[PDB]
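Pasted below: target01.txt, compact mmCIF, C-alpha atoms and all ligand atoms.
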# COMPACT_ATOMS: atom_id res chain seq x y z
CA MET A 3 8.93 11.51 -1.37
CA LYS A 4 6.95 8.69 0.30
CA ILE A 5 8.05 6.39 -2.52
CA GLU A 6 11.50 7.69 -3.41
CA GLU A 7 11.78 9.32 -6.84
CA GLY A 8 14.75 8.28 -8.95
CA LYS A 9 15.07 4.63 -7.97
CA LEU A 10 13.08 1.42 -8.38
CA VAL A 11 12.08 -0.86 -5.50
CA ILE A 12 10.77 -4.22 -6.73
CA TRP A 13 8.92 -6.85 -4.70
CA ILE A 14 8.89 -10.48 -5.88
CA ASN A 15 8.20 -13.63 -3.91
CA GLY A 16 10.96 -15.68 -2.35
CA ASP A 17 10.25 -18.73 -4.56
CA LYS A 18 11.11 -16.76 -7.73
CA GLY A 19 14.45 -15.94 -9.30
CA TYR A 20 15.17 -12.74 -7.42
CA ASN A 21 18.94 -13.05 -7.92
CA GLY A 22 18.39 -13.15 -11.68
CA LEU A 23 15.97 -10.24 -11.42
CA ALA A 24 18.58 -8.33 -9.41
CA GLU A 25 21.03 -8.85 -12.27
CA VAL A 26 18.52 -7.37 -14.71
CA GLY A 27 18.28 -4.45 -12.30
CA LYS A 28 22.08 -4.14 -12.31
CA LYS A 29 22.05 -3.86 -16.11
CA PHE A 30 19.36 -1.19 -15.81
CA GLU A 31 21.46 0.71 -13.23
CA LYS A 32 24.53 0.64 -15.48
CA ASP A 33 22.60 2.08 -18.43
CA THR A 34 20.63 4.68 -16.46
CA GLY A 35 22.40 5.27 -13.15
CA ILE A 36 19.10 4.46 -11.40
CA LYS A 37 19.43 2.14 -8.41
CA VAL A 38 17.22 -0.96 -8.51
CA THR A 39 16.50 -2.81 -5.25
CA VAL A 40 14.89 -6.26 -5.43
CA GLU A 41 13.24 -7.40 -2.21
CA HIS A 42 11.31 -10.55 -1.32
CA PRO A 43 9.42 -9.75 1.88
CA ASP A 44 7.51 -12.44 3.69
CA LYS A 45 3.75 -12.31 3.02
CA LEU A 46 4.35 -9.66 0.38
CA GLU A 47 0.94 -10.27 -1.24
CA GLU A 48 -0.71 -9.26 2.06
CA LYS A 49 1.76 -6.44 2.78
CA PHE A 50 1.40 -4.80 -0.61
CA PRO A 51 -2.30 -3.77 -0.31
CA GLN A 52 -1.60 -2.45 3.18
CA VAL A 53 1.37 -0.23 2.33
CA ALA A 54 0.09 0.76 -1.12
CA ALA A 55 -3.17 2.00 0.44
CA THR A 56 -1.17 4.73 2.22
CA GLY A 57 0.77 5.68 -0.92
CA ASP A 58 3.81 3.65 0.06
CA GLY A 59 5.41 0.39 -0.96
CA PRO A 60 7.44 -0.82 -3.92
CA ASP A 61 7.43 0.71 -7.38
CA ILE A 62 6.85 -2.72 -8.93
CA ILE A 63 5.15 -5.84 -7.53
CA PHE A 64 5.31 -9.34 -9.04
CA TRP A 65 2.52 -11.86 -8.34
CA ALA A 66 0.05 -14.16 -10.08
CA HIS A 67 -2.43 -12.09 -12.07
CA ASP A 68 -5.56 -13.20 -10.23
CA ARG A 69 -4.51 -11.29 -7.07
CA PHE A 70 -4.12 -8.11 -9.09
CA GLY A 71 -7.89 -7.93 -9.57
CA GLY A 72 -8.29 -7.05 -5.92
CA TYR A 73 -5.40 -4.61 -6.10
CA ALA A 74 -6.89 -2.90 -9.18
CA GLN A 75 -10.33 -2.68 -7.52
CA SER A 76 -8.62 -0.59 -4.81
CA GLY A 77 -6.76 1.57 -7.35
CA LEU A 78 -3.34 0.29 -6.23
CA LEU A 79 -2.03 -0.33 -9.76
CA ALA A 80 -1.19 2.14 -12.51
CA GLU A 81 -2.73 1.65 -15.93
CA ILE A 82 0.24 0.60 -18.05
CA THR A 83 0.96 2.14 -21.47
CA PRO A 84 2.65 -0.39 -23.77
CA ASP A 85 2.38 0.51 -27.41
CA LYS A 86 0.78 -1.88 -29.85
CA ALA A 87 4.11 -3.10 -31.22
CA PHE A 88 5.20 -4.08 -27.73
CA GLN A 89 1.89 -5.82 -27.10
CA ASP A 90 2.49 -7.95 -30.20
CA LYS A 91 5.67 -9.35 -28.61
CA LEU A 92 3.63 -11.34 -26.08
CA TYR A 93 1.08 -14.09 -26.62
CA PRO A 94 -2.29 -12.33 -26.89
CA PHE A 95 -4.03 -14.44 -24.22
CA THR A 96 -1.61 -13.21 -21.58
CA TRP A 97 -2.79 -9.60 -21.95
CA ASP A 98 -6.30 -10.79 -21.10
CA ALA A 99 -5.04 -11.98 -17.71
CA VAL A 100 -3.87 -8.45 -16.81
CA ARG A 101 -7.04 -6.56 -17.75
CA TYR A 102 -9.29 -5.31 -14.96
CA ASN A 103 -12.42 -3.28 -15.65
CA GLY A 104 -11.22 -3.01 -19.24
CA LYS A 105 -7.77 -1.48 -18.51
CA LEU A 106 -4.31 -3.04 -18.66
CA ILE A 107 -2.93 -3.04 -15.10
CA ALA A 108 0.19 -5.22 -15.37
CA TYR A 109 2.82 -6.77 -17.64
CA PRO A 110 2.58 -10.54 -18.18
CA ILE A 111 5.83 -12.39 -17.40
CA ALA A 112 5.20 -16.14 -17.24
CA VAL A 113 2.49 -18.71 -17.76
CA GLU A 114 1.65 -21.73 -15.56
CA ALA A 115 -0.85 -24.56 -16.05
CA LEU A 116 -1.24 -28.26 -15.30
CA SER A 117 0.04 -30.89 -17.71
CA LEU A 118 -0.13 -34.65 -18.10
CA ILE A 119 3.00 -36.17 -16.56
CA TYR A 120 3.76 -39.73 -17.60
CA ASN A 121 6.22 -42.56 -16.95
CA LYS A 122 7.92 -43.34 -20.26
CA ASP A 123 8.97 -46.82 -19.13
CA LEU A 124 5.40 -47.80 -18.22
CA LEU A 125 3.67 -45.81 -20.99
CA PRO A 126 5.87 -44.53 -23.85
CA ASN A 127 2.76 -43.46 -25.80
CA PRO A 128 0.44 -41.67 -23.34
CA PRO A 129 -3.29 -41.48 -24.12
CA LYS A 130 -4.61 -38.53 -26.12
CA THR A 131 -8.15 -38.95 -24.73
CA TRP A 132 -9.72 -39.39 -21.33
CA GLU A 133 -12.00 -42.06 -22.86
CA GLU A 134 -9.02 -44.35 -23.43
CA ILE A 135 -7.99 -44.29 -19.81
CA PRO A 136 -10.41 -46.88 -18.32
CA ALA A 137 -9.26 -49.58 -20.75
CA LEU A 138 -5.61 -48.62 -20.26
CA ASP A 139 -6.06 -48.88 -16.46
CA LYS A 140 -7.44 -52.39 -16.74
CA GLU A 141 -4.40 -53.42 -18.78
CA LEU A 142 -1.97 -51.81 -16.35
CA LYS A 143 -3.78 -53.17 -13.29
CA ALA A 144 -3.36 -56.66 -14.73
CA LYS A 145 0.42 -56.12 -14.70
CA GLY A 146 0.59 -54.63 -11.21
CA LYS A 147 0.30 -50.92 -12.04
CA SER A 148 -2.31 -48.22 -12.48
CA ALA A 149 -2.95 -45.74 -15.27
CA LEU A 150 -3.55 -42.45 -13.49
CA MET A 151 -3.40 -40.91 -10.03
CA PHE A 152 -3.95 -37.22 -9.34
CA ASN A 153 -5.32 -35.00 -6.57
CA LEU A 154 -9.11 -35.41 -6.53
CA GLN A 155 -9.66 -33.33 -3.39
CA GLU A 156 -9.12 -29.88 -4.94
CA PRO A 157 -11.03 -28.45 -7.93
CA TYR A 158 -7.90 -26.84 -9.33
CA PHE A 159 -6.88 -30.42 -10.28
CA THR A 160 -10.25 -31.84 -11.38
CA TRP A 161 -11.52 -28.80 -13.27
CA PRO A 162 -9.47 -29.53 -16.43
CA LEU A 163 -11.65 -32.62 -17.05
CA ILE A 164 -14.86 -31.20 -15.63
CA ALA A 165 -14.68 -28.17 -17.91
CA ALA A 166 -13.33 -29.79 -21.09
CA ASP A 167 -16.73 -30.34 -22.74
CA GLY A 168 -17.96 -26.79 -22.18
CA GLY A 169 -17.67 -25.79 -18.55
CA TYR A 170 -16.24 -22.48 -17.43
CA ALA A 171 -16.08 -20.33 -14.33
CA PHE A 172 -17.19 -16.94 -15.72
CA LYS A 173 -17.63 -15.81 -19.32
CA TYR A 174 -14.95 -13.34 -20.44
CA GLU A 175 -15.94 -10.56 -22.85
CA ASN A 176 -14.29 -7.27 -23.77
CA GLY A 177 -11.75 -7.21 -20.95
CA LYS A 178 -14.43 -8.06 -18.38
CA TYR A 179 -16.37 -10.96 -16.86
CA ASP A 180 -20.15 -11.55 -16.84
CA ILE A 181 -20.93 -12.54 -13.25
CA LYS A 182 -24.27 -14.02 -14.38
CA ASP A 183 -22.73 -16.29 -17.05
CA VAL A 184 -21.31 -19.24 -15.08
CA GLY A 185 -20.59 -22.61 -16.66
CA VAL A 186 -20.66 -24.91 -13.66
CA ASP A 187 -23.92 -26.81 -14.08
CA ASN A 188 -24.20 -26.88 -17.87
CA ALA A 189 -24.20 -30.07 -19.89
CA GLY A 190 -20.44 -30.03 -20.48
CA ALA A 191 -19.58 -29.72 -16.79
CA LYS A 192 -22.10 -32.44 -16.03
CA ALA A 193 -20.51 -34.68 -18.67
CA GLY A 194 -17.00 -34.17 -17.30
CA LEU A 195 -17.89 -34.65 -13.66
CA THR A 196 -19.92 -37.75 -14.57
CA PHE A 197 -16.82 -39.17 -16.30
CA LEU A 198 -14.70 -38.46 -13.25
CA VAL A 199 -17.19 -40.06 -10.87
CA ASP A 200 -17.41 -43.06 -13.17
CA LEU A 201 -13.61 -43.44 -13.01
CA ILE A 202 -14.04 -43.79 -9.25
CA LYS A 203 -17.10 -46.04 -9.44
CA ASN A 204 -15.32 -48.37 -11.90
CA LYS A 205 -12.28 -48.56 -9.56
CA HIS A 206 -9.78 -46.78 -11.80
CA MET A 207 -9.29 -44.12 -9.12
CA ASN A 208 -9.98 -43.95 -5.40
CA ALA A 209 -12.13 -41.09 -4.18
CA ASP A 210 -9.69 -40.22 -1.37
CA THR A 211 -6.63 -39.78 -3.62
CA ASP A 212 -4.96 -36.52 -2.60
CA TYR A 213 -1.81 -34.65 -3.62
CA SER A 214 0.47 -36.73 -1.41
CA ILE A 215 -0.74 -40.10 -2.71
CA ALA A 216 -0.54 -39.15 -6.41
CA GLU A 217 2.94 -37.67 -6.05
CA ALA A 218 4.22 -40.67 -4.07
CA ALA A 219 2.62 -43.21 -6.41
CA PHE A 220 4.09 -41.61 -9.49
CA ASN A 221 7.55 -41.13 -7.92
CA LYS A 222 7.58 -44.81 -6.83
CA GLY A 223 6.73 -46.01 -10.33
CA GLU A 224 3.36 -47.45 -9.30
CA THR A 225 1.19 -45.32 -11.61
CA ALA A 226 1.81 -44.49 -15.25
CA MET A 227 0.46 -40.94 -15.13
CA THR A 228 -0.33 -37.99 -12.90
CA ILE A 229 -1.58 -34.43 -13.44
CA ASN A 230 0.58 -31.71 -11.94
CA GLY A 231 2.33 -28.44 -12.64
CA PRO A 232 5.88 -27.16 -13.15
CA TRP A 233 6.38 -26.78 -9.40
CA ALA A 234 6.40 -30.60 -9.22
CA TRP A 235 9.14 -31.34 -11.77
CA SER A 236 12.13 -30.76 -9.49
CA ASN A 237 10.68 -33.21 -6.98
CA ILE A 238 10.08 -36.02 -9.48
CA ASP A 239 12.62 -38.73 -8.68
CA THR A 240 14.40 -38.94 -12.09
CA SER A 241 16.62 -41.66 -10.61
CA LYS A 242 13.56 -43.92 -10.46
CA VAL A 243 11.36 -42.40 -13.18
CA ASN A 244 12.01 -41.39 -16.79
CA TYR A 245 9.09 -38.95 -17.06
CA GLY A 246 7.65 -36.87 -19.84
CA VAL A 247 5.20 -33.96 -19.78
CA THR A 248 2.58 -33.58 -22.47
CA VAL A 249 -0.79 -32.16 -23.46
CA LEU A 250 -3.69 -33.15 -21.25
CA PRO A 251 -6.11 -35.71 -22.69
CA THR A 252 -9.17 -34.55 -24.59
CA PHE A 253 -12.73 -35.32 -23.49
CA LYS A 254 -15.50 -35.69 -26.08
CA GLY A 255 -12.82 -34.46 -28.48
CA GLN A 256 -12.40 -31.16 -26.58
CA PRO A 257 -9.14 -30.16 -24.81
CA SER A 258 -8.92 -30.30 -21.06
CA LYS A 259 -9.24 -26.79 -19.60
CA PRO A 260 -6.72 -26.23 -16.81
CA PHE A 261 -6.71 -22.90 -15.04
CA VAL A 262 -3.89 -20.61 -16.18
CA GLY A 263 -1.84 -18.40 -13.83
CA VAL A 264 0.13 -15.54 -15.33
CA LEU A 265 2.98 -14.19 -13.22
CA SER A 266 2.63 -10.46 -13.76
CA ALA A 267 4.39 -7.20 -12.93
CA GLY A 268 2.31 -4.27 -11.72
CA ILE A 269 3.33 -0.66 -11.14
CA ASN A 270 2.26 1.00 -7.89
CA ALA A 271 -0.27 3.76 -8.56
CA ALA A 272 1.58 5.90 -6.00
CA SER A 273 4.97 5.47 -7.69
CA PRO A 274 6.66 8.64 -8.97
CA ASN A 275 8.80 6.35 -11.17
CA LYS A 276 6.24 5.06 -13.64
CA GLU A 277 8.33 5.85 -16.75
CA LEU A 278 11.36 4.18 -15.17
CA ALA A 279 9.26 1.14 -14.27
CA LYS A 280 7.92 0.93 -17.84
CA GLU A 281 11.44 1.14 -19.28
CA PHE A 282 12.74 -1.52 -16.92
CA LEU A 283 9.89 -3.95 -17.54
CA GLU A 284 9.54 -3.49 -21.30
CA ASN A 285 13.16 -3.06 -22.41
CA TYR A 286 15.21 -4.90 -19.76
CA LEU A 287 13.08 -7.64 -18.22
CA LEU A 288 10.79 -8.57 -21.14
CA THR A 289 13.71 -9.36 -23.42
CA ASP A 290 15.38 -12.69 -24.18
CA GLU A 291 18.37 -11.75 -22.01
CA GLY A 292 16.26 -10.48 -19.11
CA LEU A 293 13.95 -13.47 -18.90
CA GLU A 294 17.00 -15.74 -19.30
CA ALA A 295 18.60 -14.21 -16.21
CA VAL A 296 15.51 -14.80 -14.11
CA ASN A 297 14.84 -18.23 -15.55
CA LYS A 298 18.43 -19.41 -14.97
CA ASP A 299 17.93 -18.59 -11.28
CA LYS A 300 14.50 -20.15 -10.78
CA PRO A 301 12.65 -21.50 -13.82
CA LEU A 302 9.75 -19.37 -14.98
CA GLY A 303 8.13 -22.25 -16.81
CA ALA A 304 6.65 -20.97 -20.02
CA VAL A 305 6.92 -17.25 -20.67
CA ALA A 306 4.68 -14.61 -22.20
CA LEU A 307 7.39 -13.21 -24.48
CA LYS A 308 7.21 -15.09 -27.79
CA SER A 309 10.88 -14.74 -28.79
CA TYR A 310 12.09 -16.38 -25.61
CA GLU A 311 9.29 -18.92 -25.29
CA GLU A 312 10.31 -20.16 -28.75
CA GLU A 313 13.74 -20.93 -27.26
CA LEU A 314 12.45 -22.40 -23.99
CA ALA A 315 10.01 -24.72 -25.81
CA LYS A 316 12.96 -26.80 -26.96
CA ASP A 317 12.26 -28.35 -23.50
CA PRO A 318 9.16 -30.46 -24.22
CA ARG A 319 7.90 -29.94 -20.67
CA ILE A 320 7.75 -26.18 -21.24
CA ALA A 321 6.19 -26.67 -24.69
CA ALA A 322 3.51 -28.81 -23.05
CA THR A 323 2.93 -26.21 -20.32
CA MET A 324 2.29 -23.51 -22.91
CA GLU A 325 0.11 -25.81 -25.02
CA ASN A 326 -2.06 -26.65 -22.01
CA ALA A 327 -2.13 -22.98 -21.03
CA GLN A 328 -3.25 -21.88 -24.51
CA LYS A 329 -6.08 -24.44 -24.43
CA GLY A 330 -6.94 -23.65 -20.79
CA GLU A 331 -8.91 -21.03 -18.88
CA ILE A 332 -7.34 -17.82 -17.55
CA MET A 333 -8.13 -17.72 -13.86
CA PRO A 334 -10.74 -14.96 -13.38
CA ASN A 335 -9.43 -12.04 -11.34
CA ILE A 336 -12.83 -10.98 -9.98
CA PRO A 337 -13.98 -11.32 -6.35
CA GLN A 338 -16.75 -13.78 -7.23
CA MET A 339 -14.06 -16.34 -8.05
CA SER A 340 -13.66 -17.00 -4.31
CA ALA A 341 -17.23 -18.30 -4.34
CA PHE A 342 -16.27 -20.62 -7.20
CA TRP A 343 -13.46 -22.47 -5.41
CA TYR A 344 -15.52 -23.47 -2.39
CA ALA A 345 -18.76 -24.28 -4.26
CA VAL A 346 -17.01 -26.52 -6.77
CA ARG A 347 -14.77 -28.13 -4.14
CA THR A 348 -17.93 -29.16 -2.29
CA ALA A 349 -19.68 -30.35 -5.46
CA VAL A 350 -16.85 -32.67 -6.55
CA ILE A 351 -16.34 -34.19 -3.10
CA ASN A 352 -20.08 -34.80 -2.73
CA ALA A 353 -20.33 -36.28 -6.22
CA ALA A 354 -17.31 -38.59 -5.91
CA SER A 355 -18.57 -40.01 -2.60
CA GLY A 356 -22.20 -40.47 -3.62
CA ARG A 357 -23.61 -37.89 -1.20
CA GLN A 358 -25.00 -36.05 -4.24
CA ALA A 359 -25.87 -36.97 -7.77
CA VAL A 360 -23.62 -35.18 -10.22
CA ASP A 361 -26.47 -33.04 -11.55
CA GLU A 362 -27.66 -31.83 -8.13
CA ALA A 363 -24.07 -31.30 -6.94
CA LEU A 364 -23.30 -28.93 -9.80
CA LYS A 365 -26.71 -27.22 -9.62
CA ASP A 366 -26.10 -26.34 -5.96
CA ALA A 367 -22.65 -25.01 -6.85
CA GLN A 368 -24.05 -22.93 -9.72
CA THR A 369 -26.62 -21.37 -7.40
CA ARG A 370 -24.02 -20.35 -4.81
CA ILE A 371 -21.63 -18.88 -7.37
CA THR A 372 -24.36 -16.78 -8.99
CA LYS A 373 -26.14 -15.72 -5.78
NA NA B 1 20.43 -3.08 -7.73
NA NA B 2 -4.95 -42.57 -28.45
NA NA B 3 8.72 -15.85 -33.38
NA NA B 4 19.38 -18.26 -26.69
NA NA B 5 -28.37 -40.15 -16.45
NA NA B 6 -28.78 -24.07 -12.75

File written out as structure tokens:
Amino acid sequence: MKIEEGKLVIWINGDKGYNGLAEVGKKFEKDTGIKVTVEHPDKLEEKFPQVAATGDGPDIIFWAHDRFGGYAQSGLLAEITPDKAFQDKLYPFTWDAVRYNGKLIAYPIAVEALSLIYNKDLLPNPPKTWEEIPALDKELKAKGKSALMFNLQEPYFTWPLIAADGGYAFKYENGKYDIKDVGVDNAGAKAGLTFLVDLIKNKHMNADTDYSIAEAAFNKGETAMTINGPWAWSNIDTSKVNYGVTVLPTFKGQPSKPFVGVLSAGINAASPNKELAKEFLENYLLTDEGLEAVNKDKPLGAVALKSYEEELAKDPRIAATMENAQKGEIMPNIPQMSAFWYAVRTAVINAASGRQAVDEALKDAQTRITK
């Protein structure tokens, strides 16, 4: 057949633990006699919709859930059939990330979100609120340091604060998103962006701080805190910096709302191996031993499977990742989300520089996203 019956071909990106996944496949092959081939093609997220559109490609694809919206719109993904008992083995918010048009189209694997990263030697008790941070910065500036540096140029990094007091991208209801219910220019978003702009106006942050500056400042020990994700941990210079990772600060008593990415496993709609793929994903990969094999190769971060997350969370960085993810916002998987990134990027830049008042900046963004 076009996709070969009686084997599994799996695509996963080259920055994931594909050797560990291959070992899960080897266990599957020993139990079933079914060959499992793990591949990590370049540009696989672009290749997959091309080959799957002709009924070809891998049996299983692994990618962040938000890309699977577009795949599901094109009918590239099988509706999966986990029973209710299996569903109860994963944190319930992860299933929401893999619903499209009401139907489950993938298995959640792992969970990623921003956290507050802090220098224990500069700040052994990091702030629980954003409101504390101006006064803390003044104290640290007096001793030659700063409180907080993070990427202000990209809304992925500023949204956690902007949205804390009631902002949101699109309202989620019943496995679907309301494209008319956008939370970009409401009073909560205005409050959060005002607080951010005030941090800049009061000289606690510089409006041109980007990813490079924040990472370098924190790694040099110049700033007590940054905001970044699990991809950054390996790069933190632990020779210079005894760092911790914790829950993001609250604003107006409300948690920060980082976007959540859920690494997910979809089954090709054209696969003749859908029962094999289900068996592999449910009863080999989504087990403590299967996730351990992948994680030992390249860390997954926090995971969707409760039994293994409860083990991983002995690492406080992973516990913090999951806490911030549970309080955060699943990234919408709908096409209108592309309008969100560029509209909000523009709004925050214009607000932080003074080109636009906060209110008019967010109003213009709201209009574009809802057009
Ligand atoms: Na194999
Ligand atoms: Na406090
Ligand atoms: Na448990
Ligand atoms: Na264990
Ligand atoms: Na005002
Ligand atoms: Na409006």

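The nearest approach to residue A:372 among the residues A:263, A:185, A:22, A:251, with only C-alpha atoms taken into account, belongs to A:185.
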
Within 12 Å of ligand NA 5 (chain B), counting only C-alpha atoms and all ligand atoms, residues as an MDAnalysis selection string: chainID A and resid 189 192:193 196:197 200 359:362

Around ligand NA 1 (chain B), which protein and nucleic acid residues have at least one atom no more than 7 Å from it, if we count only C-alpha atoms and all ligand atoms? List them as a ChimeraX atom specification. /A:24,27-28,31,37-40

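Comparing A:240, A:155, A:208, A:252 by their smallest distance to ligand NA 2 (chain B), the closest is A:252 (using all atoms listed in the file).
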
Do you know which residues are at most 6 Å from stretch 334-344 of chain A counting all atoms listed in the file, after dropping those on the same chain fewer than 5 positions away, and could you put them as a list in words? residues 68, 71 and 371 of chain A

Please produce stretch 86-100 of chain A, completed to N, CA, C and O atoms, as a compact mmCIF listing (two decimals), keeping the file's coordinate frame.
# COMPACT_ATOMS: atom_id res chain seq x y z
N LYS A 86 1.33 -0.69 -29.23
CA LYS A 86 0.78 -1.88 -29.85
C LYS A 86 1.87 -2.82 -30.31
O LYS A 86 1.70 -4.04 -30.28
N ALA A 87 2.99 -2.27 -30.80
CA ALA A 87 4.11 -3.10 -31.22
C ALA A 87 4.66 -3.91 -30.05
O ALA A 87 4.99 -5.09 -30.21
N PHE A 88 4.77 -3.31 -28.87
CA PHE A 88 5.20 -4.08 -27.73
C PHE A 88 4.18 -5.17 -27.40
O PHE A 88 4.54 -6.31 -27.09
N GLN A 89 2.90 -4.83 -27.44
CA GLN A 89 1.89 -5.82 -27.10
C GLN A 89 2.00 -7.04 -27.99
O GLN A 89 1.82 -8.17 -27.53
N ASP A 90 2.37 -6.84 -29.25
CA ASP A 90 2.49 -7.95 -30.20
C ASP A 90 3.68 -8.86 -29.92
O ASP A 90 3.78 -9.92 -30.56
N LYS A 91 4.57 -8.49 -28.99
CA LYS A 91 5.67 -9.35 -28.61
C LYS A 91 5.28 -10.45 -27.63
O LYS A 91 6.08 -11.37 -27.40
N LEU A 92 4.09 -10.36 -27.04
CA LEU A 92 3.63 -11.34 -26.08
C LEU A 92 2.43 -12.09 -26.65
O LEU A 92 1.67 -11.57 -27.48
N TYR A 93 2.24 -13.33 -26.17
CA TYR A 93 1.08 -14.09 -26.62
C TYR A 93 -0.19 -13.34 -26.25
O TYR A 93 -0.33 -12.90 -25.09
N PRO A 94 -1.16 -13.22 -27.16
CA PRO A 94 -2.29 -12.33 -26.89
C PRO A 94 -3.11 -12.75 -25.68
O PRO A 94 -3.60 -11.87 -24.95
N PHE A 95 -3.21 -14.06 -25.37
CA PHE A 95 -4.03 -14.44 -24.22
C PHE A 95 -3.46 -13.95 -22.91
O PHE A 95 -4.21 -13.78 -21.94
N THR A 96 -2.16 -13.68 -22.84
CA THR A 96 -1.61 -13.21 -21.58
C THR A 96 -2.07 -11.80 -21.24
O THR A 96 -2.22 -11.47 -20.06
N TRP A 97 -2.30 -10.94 -22.24
CA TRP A 97 -2.79 -9.60 -21.95
C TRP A 97 -4.18 -9.66 -21.33
O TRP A 97 -4.53 -8.83 -20.52
N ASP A 98 -4.96 -10.67 -21.67
CA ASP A 98 -6.30 -10.79 -21.10
C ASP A 98 -6.24 -11.03 -19.60
O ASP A 98 -7.15 -10.61 -18.87
N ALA A 99 -5.18 -11.68 -19.13
CA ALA A 99 -5.04 -11.98 -17.71
C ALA A 99 -4.77 -10.73 -16.88
O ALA A 99 -5.01 -10.75 -15.67
N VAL A 100 -4.26 -9.67 -17.50
CA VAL A 100 -3.87 -8.45 -16.81
C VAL A 100 -4.80 -7.29 -17.14
O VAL A 100 -4.41 -6.13 -16.98
